[PDB]
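Take a look at the structure below.
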Amino acid sequence: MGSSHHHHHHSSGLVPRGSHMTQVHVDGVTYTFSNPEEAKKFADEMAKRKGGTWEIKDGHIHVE
């Protein structure tokens with residue numbers, strides 16, 4: 001008794017202009033996610049299939 005599905009959509013509304021946007025650097029292409037959650041999600045998944053790693057330093061991520 002009592003089985004409810006929690007639900008949400010990831011939305012910032014605007015990009016915080018007074019905040020460092022977490023850039024993902026892979027294959028020459030530079031993605032930029034203000035929320036580091038999305039940046040890590042992309043970086044991990046991309047580095048996973050390649051067999052490499054990544055790091056966060058001053059919002060700068062590099063997918064090996």
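Each chain in the structure tokens gets a letter, A, B, ..., in the order shown, and its residues are numbered from 1; ligands are numbered from 1 in order too.
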Helix (DSSP H, G or I) positions in chain A, given as a PyMOL selection string: chain A and resi 36-50
Extract, using only C-alpha atoms, all DNA, RNA and protein residues at most 8 Å from residue 34 of chain A, discarding same-chain residues fewer than 5 positions from it, and format them as an mmCIF file with N, CA, C and O atoms, in the first residue's frame.
data_model
loop_
_atom_site.group_PDB
_atom_site.id
_atom_site.type_symbol
_atom_site.label_atom_id
_atom_site.label_comp_id
_atom_site.auth_asym_id
_atom_site.auth_seq_id
_atom_site.Cartn_x
_atom_site.Cartn_y
_atom_site.Cartn_z
ATOM 1 N N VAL A 15 20.775 30.271 -17.754
ATOM 2 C CA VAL A 15 22.170 29.956 -17.385
ATOM 3 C C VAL A 15 22.695 31.046 -16.409
ATOM 4 O O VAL A 15 22.694 32.237 -16.766
ATOM 5 N N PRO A 16 23.054 30.675 -15.123
ATOM 6 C CA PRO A 16 23.651 31.623 -14.146
ATOM 7 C C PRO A 16 24.916 32.323 -14.702
ATOM 8 O O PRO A 16 25.992 31.717 -14.809
ATOM 9 N N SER A 19 28.330 32.725 -12.643
ATOM 10 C CA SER A 19 28.751 31.375 -12.225
ATOM 11 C C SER A 19 29.566 30.681 -13.337
ATOM 12 O O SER A 19 29.299 30.882 -14.527
ATOM 13 N N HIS A 20 30.558 29.866 -12.922
ATOM 14 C CA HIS A 20 31.453 29.128 -13.835
ATOM 15 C C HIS A 20 30.708 27.937 -14.473
ATOM 16 O O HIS A 20 30.222 27.052 -13.761
ATOM 17 N N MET A 21 30.631 27.917 -15.812
ATOM 18 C CA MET A 21 29.916 26.872 -16.566
ATOM 19 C C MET A 21 30.873 25.701 -16.873
ATOM 20 O O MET A 21 31.952 25.900 -17.444
ATOM 21 N N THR A 22 30.465 24.491 -16.465
ATOM 22 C CA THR A 22 31.320 23.290 -16.481
ATOM 23 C C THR A 22 31.446 22.731 -17.924
ATOM 24 O O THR A 22 30.547 22.042 -18.422
#
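Neighbours of segment 36-41 of chain A closer than or equal to 9 Å, with only C-alpha atoms counted and sequence neighbours fewer than 6 positions away skipped, come out as residues 21, 22, 23, 24, 54, 55, 56, 59 and 61 of chain A.
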Convert the current residue selection to file output with C-alpha atoms, as a compact mmCIF listing (two decimals), in the first residue's frame.
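Writing the result to out-v9.txt gives the following:
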# COMPACT_ATOMS: atom_id res chain seq x y z
CA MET A 21 29.92 26.87 -16.57
CA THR A 22 31.32 23.29 -16.48
CA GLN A 23 32.84 22.69 -19.99
CA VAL A 24 33.24 19.10 -21.36
CA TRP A 54 38.15 12.55 -16.98
CA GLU A 55 38.55 15.21 -14.17
CA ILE A 56 36.96 18.51 -12.94
CA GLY A 59 34.98 23.51 -14.48
CA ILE A 61 36.63 18.45 -18.00
Selected residue, from A:43, A:11, A:6, A:48, that lies nearest to residue 25 of chain A when counting only C-alpha atoms: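 Nearest to residue 25 of chain A: A:43.
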